[PDB]
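All chains are identified by letter, namely A, B, C, D and E, in their written order; residue positions are counted from 1 within each chain.
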Amino acid sequence: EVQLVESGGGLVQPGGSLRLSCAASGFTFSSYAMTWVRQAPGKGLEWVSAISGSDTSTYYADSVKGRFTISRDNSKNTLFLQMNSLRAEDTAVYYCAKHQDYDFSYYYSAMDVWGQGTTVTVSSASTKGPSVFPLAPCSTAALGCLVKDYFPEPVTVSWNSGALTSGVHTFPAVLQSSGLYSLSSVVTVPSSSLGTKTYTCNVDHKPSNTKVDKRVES
Amino acid sequence: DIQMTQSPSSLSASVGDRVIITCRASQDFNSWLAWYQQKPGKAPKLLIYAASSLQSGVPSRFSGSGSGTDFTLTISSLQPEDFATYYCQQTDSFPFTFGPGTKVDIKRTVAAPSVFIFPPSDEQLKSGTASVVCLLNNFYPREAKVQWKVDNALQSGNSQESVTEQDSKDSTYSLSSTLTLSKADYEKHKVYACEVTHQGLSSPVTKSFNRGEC
Amino acid sequence: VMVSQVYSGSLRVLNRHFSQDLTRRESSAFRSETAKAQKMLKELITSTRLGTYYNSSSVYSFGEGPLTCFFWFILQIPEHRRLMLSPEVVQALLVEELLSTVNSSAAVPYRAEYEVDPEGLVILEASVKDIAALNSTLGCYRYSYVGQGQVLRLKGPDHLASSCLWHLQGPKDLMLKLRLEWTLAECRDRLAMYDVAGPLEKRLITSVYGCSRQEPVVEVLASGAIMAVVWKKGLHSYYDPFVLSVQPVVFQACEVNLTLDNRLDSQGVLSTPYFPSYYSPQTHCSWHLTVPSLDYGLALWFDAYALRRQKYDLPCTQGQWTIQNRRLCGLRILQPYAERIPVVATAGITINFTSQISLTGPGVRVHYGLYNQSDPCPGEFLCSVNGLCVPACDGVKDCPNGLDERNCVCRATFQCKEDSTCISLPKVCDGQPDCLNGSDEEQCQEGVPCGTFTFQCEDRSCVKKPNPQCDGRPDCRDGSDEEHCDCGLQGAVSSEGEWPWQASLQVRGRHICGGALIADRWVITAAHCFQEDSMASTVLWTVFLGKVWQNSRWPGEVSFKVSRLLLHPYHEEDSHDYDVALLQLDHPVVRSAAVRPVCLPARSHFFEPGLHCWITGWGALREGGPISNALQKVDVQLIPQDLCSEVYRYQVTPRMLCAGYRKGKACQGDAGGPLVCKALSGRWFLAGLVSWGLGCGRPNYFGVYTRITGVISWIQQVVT
Amino acid sequence: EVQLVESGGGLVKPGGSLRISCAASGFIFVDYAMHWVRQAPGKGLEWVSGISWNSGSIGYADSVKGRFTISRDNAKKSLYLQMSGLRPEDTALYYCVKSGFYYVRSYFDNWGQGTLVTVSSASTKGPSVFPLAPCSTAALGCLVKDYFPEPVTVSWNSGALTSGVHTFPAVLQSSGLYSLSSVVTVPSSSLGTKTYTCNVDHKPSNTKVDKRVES
Amino acid sequence: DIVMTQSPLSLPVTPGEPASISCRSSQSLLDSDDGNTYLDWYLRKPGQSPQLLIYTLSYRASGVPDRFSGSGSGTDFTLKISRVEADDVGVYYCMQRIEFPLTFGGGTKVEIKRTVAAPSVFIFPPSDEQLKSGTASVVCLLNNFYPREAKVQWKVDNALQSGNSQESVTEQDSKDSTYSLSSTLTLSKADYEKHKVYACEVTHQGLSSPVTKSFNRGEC
């Protein structure tokens, strides 16, 4: 059963360098051309670079010509991608894909086996603590808390340490122009319980080891 | 070089329905086309290559057809494990280029969104900025438009919206739009509103709020 | 306006006896008899009412038995009365004139010398062109009589004469059968065969133009007891281009009466009288067959012949078939056909064949059998237009509207039943389960019902495993898929024994085509190699086996001579359809390491698109140059037939497959070269022959090859 | 032996079309390639087209690619050339060449006599013949003048005598006509004894003119 | 496209000494696959069909004598005539066949040098038939002379005329290698009947003094 496991993604300064590695299993690595396919978060798939059956020739795209460099080591059955001069538009999820033929001279060159993907994010700002603010209005009502200006992903938002899980909504984080993320968490509760029951939202951040318990009220 | 395109950009069907997706390159390539079946969060899966050949292990519900410039992917009957994103790529000549993508949702009854507004908090006001959010809850389908009205004026480029995934219980949607300004830009304006336009309502419902009293 | 009408006839005289001297026109006795007969005929014509229009009479020939004078007469009559002077009217007037004078005491001047029988007078119409044709052929002429049970050999023609006529007369109650044999390879003479005493165009039995290689024997029947043969245009001077025999044959009834048994096999044949000789112009066949039950319908399989509809007034030339009051007319085409007749109320079936006009075609043979009404093709698909069972869902369109390849579950792919997921055929019964719960490797050993890609062992049993032939392990109870698996084992420039089956077909010391050895004495190749003019003769060709270098001899090679050469009967030169040919060697091959046959694929063999095969053919390395001195191997990738069907647009048939070369360059592929493909068991299977292609230098075009699985039936029929 | 006879040629309007053909004998026709080679009236040889033993590899020249078409018929043992879109440059003398092998790129073996193809706006005319005698050894001759197009065949006594015969090449006059003169040198003893006459043959005008030369 | 150049453009050779003709291509003529040079040497005779002398740079035809020898390498090719006879007169061509489109060479004339020959001059007056045509033609004929240079001119009543006469010279001869020249002069009726004498004078190396031939208008 063929597998392709990837490793090498992480935070990189806008201009640094990185190297991703793709280890194959289950098939003969030295008789199939491989490729790297990137997908910016919230966008469509995009081809990046490709390599023939045994180092014979490498192919690139237009927007990454001269910067990226694909390579293959058949001894340890590994495919490497060396990137340098990174920008803010190269943050994406990278997949190591396998083709149907030894090279691209013939007509059958579809991508059949894929990898799980590694997230490569490029930014200039450093780590910072999540900023947790209340969110209440001034039938059934809705309360919540807004997390703003935190880096890097991810951040975990819970309500009453799991005691309240019916009606929760945590939207995906949006990347602003400042390089810092922001999201919101909203819970719908009956209006009769506003003055009787209290609510606390818990925000947890592992890279910045921050735990904030915020009381939400009118 | 070649510029692939697909239609429709979105779909909504139910179990047992028949779905049709079209793929048209800008110039014929010899019909070396391939279809992929990316799930929301996993790696893509190859279904059909050579525009008609089928990959081993794929269920016998997907059919590929077409030639020249126009190609077609057909799902005879929908299944629960079949709502995903479908991409068409042309595999002959070197800038390999995928299609934009087609999303297949789960069809259900039309639902009217619930609209809520939230004024900025005092902790946010003391930081130096301002953030006003409007929330749409429990609606269908995804196609809904949101506008920000301040002093009866339209904004652009300063608002960010985010939507959730289709719910696993009732298959609905939730949207949240956040408008970010500075204290100077927040002080010299009086009224704020989040206008919503959706086919679930006969008339666009409005929601406005003021400060100084609440 | 006076118009000349021509009447050609024969008159019998009982008072005169035929003599051999009358056979030669130069004899004085023949001249005197001709003068007397002409005078008598002129007197008889002038005695009747037609004497006012009489123009000129001339006696043309004399016949055996009672003195039969064959003559021609002309009448200059008004145009308005031309429709009134039918040949029957003239014959009746002559008969009345002859009969009136019998009782009268007055003696006619002609009656004093010739006694004519009124019943023996026959008159037929003719034209001025017929007069000219008869009147130019008054040179080369012989008369002969054919007795019962005796076969007559011609008397050699004179090369000086430009047009020769034989007048053949036999018994009244017997038909004349004429045999033509072609001695020379090719020739440019013309021959015509007529049912009457003279070259009348309306009575032409058959006209042979050209001088062909495909069939050497032409057997012609005549409705009457007389016959005329006219030979013309011996252009390039030689002698003995052809041989005629002639014999009398008895007349028998072709109508029959039979009851069908209980079977699904072809139970017998129906043929025109004296198959395969040209049927008589006035034939009439009636066949009655009884089916055992109403659940079986009747199938009639034709050979290079088909039926079609017609508009009632139009008379069809080929022939008329009536099937239960439905009228149909034949159409000779180079494709198989099958007429399927259902039964609803009556178990009896009636088939009539009638010749509608004078022109006659070759004999007709049809195989009759039974077929279960429901699901007529068991495990197959029935193409509606031509009623044949074609394979269903194998990636090849075998019906003109393509209904065999439409809306099915897994096209050319195996179907798991546990959850309906298509999986590849090579994964079926291989040894590891690929269906989620093991369906793919069930019932691999027992007998199954046949379908697509199911090899059928010799006892009409089926096998689940795809491509089980010659894989070094028994796969069916019979064990017929491992017998005769001695082929397909090997011992850029090829080596000294890399491709042991490759053969070179050469004439006059130069290589025209390449071929693949398929048996001990047979070599397959393409038909379009023999398309040229002088190259069709069997004597010319010579076959070389086990050689790689064209320049110099090496120890390995052996040379044989071609004994027989068979093209495919349905071969079409214009469309390259059915492009295949077989050559029989002088003596069988000794299986050394240098020479070994290639394995013939079965009818159900699966050649997977996207697979890589090798074209091992000599070819001109560069455009316009000589053939390369070294055998060169090149690999190609098979293409789905839909793709090249869209490429070529109504020019690729079920008998062709498509392969593509390396992109960006080569096209040199030879003619008749193999397209062997490797199997999973290490044996090479011959998958096609180089047929044609467009674009040496076009960017993305394919080569088209003869799909052997589509012509495997004829190959196995001829070889065995 | 090997015989190749060309046919066609003549005068063609600048923009019309033509078909010319060879006629081979003396060898097995379907073994060898066949070529067409044109020569300008004052230039060197130039290749036109070539075809292989069985029309397998047709190849044309560069200046005539797309305008000419070469073909063959192994049954009649003949070679055909469809030429179209004629221009004032295409006028030449064409040779039917039998190659040495079965491919287009073998050495040229046998050459035919060739046929002349000319293109012009003017129409055909008739040659005017004049005898010329003067008034040891002397000379005497006859000239043709004002004929169009080429060629004209001038002979003496229908080809009886061929010693001392001089024929000059045709010269293009200012008007646009051609003229030449054929002269024979003879000893002065047989001037008034044996009569001298010359015959001219012109195919485009279809005329055979006999003229006796005398002072 | 392989452009072929030949050298020299012309060459005069007397019988007895060898001659050399050089052909230069734009590429190399070696099919790698067989190692055969694809150059052929043809000879076009005066007024005849071209012949085949040499094929594949080394071999000769079935009728070519031993006096011709072909050689060369890569781009530079040489044809050598060991002993030159009086029949080897014509134009020589070198053709390549290593790529499509085949290209014939340029051409190289051959002239045979001999001793000085004296031309024979004749005057041919217009006939009686051409007088009614409106134009009269008189021709001066020279033949059997060497070398080729010889200047012919007309004199009508001691007057020189130019731009109104046409000269034509044949090609080299096969047996004695000489030349023949004809100069025609056409006049209108307004010009012919108004003159009395007509003379032809030639200047040639073979004569110490320019010889003349004159005739009167109306003496016969």
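Here is the rule we use: a residue touches a chain if its C-beta (ideal position, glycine included) is under 8 Å from a C-beta of that chain, and two chains touch if they have at least 3 such contacts.
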Reference chain A; chain at largest CA-centroid distance: E
Higher-contact pair (C-beta pairs counted), A-B versus A-C: A-B
Cα-centroid distance, chain A relative to chain E, in whole angstrom: 89
For chain A paired with chain C, centre-to-centre distance based on mean C-alpha positions, whole Å: 72
Separation of mean Cα positions, chain E and chain D [Å, integer]: 19
Between chain B and chain C, centroid-to-centroid distance (C-alpha), Å: 67
Sequence positions of chain E contacting 2 or more other chains: 100
Junction residues of chain C, two or more chains touched: 623-626
Set of chain A residues in contact with two or more other chains: 100, 107-108
Contact footprint of chain B on chain C as seen in their complex: 409-411, 413, 415, 419-424, 427, 434, 609, 640, 642-643, 646, 700
Parts of chain A lying in touch with chain C, wherever the complex brings them together: 100, 105-108
In the complex with chain A, residue positions of chain C that touch it: 610, 637, 639, 660, 662-664
Chain A-touching residues of chain B, taken from the complex the two chains share: 30, 32, 34, 36, 38, 42-46, 49-50, 55, 87, 89, 91-92, 94-101, 116-119, 121, 123-124, 127, 131, 133, 135, 137, 160, 162-164, 174, 176, 178, 180, 209, 214
Sites on chain E touched by chain C in the complex: 31, 33-34, 100
